[PDB]
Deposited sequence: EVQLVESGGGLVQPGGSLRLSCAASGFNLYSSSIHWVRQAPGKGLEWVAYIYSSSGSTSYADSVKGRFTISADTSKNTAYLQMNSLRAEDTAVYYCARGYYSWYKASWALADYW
C-alpha cells in the first residue's frame, strides 16, 4: 500500500521517489514546491523562492525541504493534467 509518511523529512513507502514527482503544499492551500527526482528538476513559489531549498535522496527514499503536506504528482492520460494522489 502506497504510504507517504512525513529540514522536514518525507519518507516514501510502497513506491520509489526516483520515479515520481514530489510536491510539497502548505496550509495556514498553497502549492509550495515540486521536485522531479529522475532529472533533479525543482521549482518553487515566489514566497518560498530561495528561503526554501528542496531535494531528495533515493537511497533511503526521502525528500527534504528545509501544516505541510507531501503528495505524489500524477499526470493524467486523458487530457493530460497534473493531480495530487496520495496526500500525506
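Colleague: What residue ranges of the deposited sequence are absent from the coordinates?
Modeller: Gaps vs deposited seq, in order: 7-18, 41-44, 83-92.
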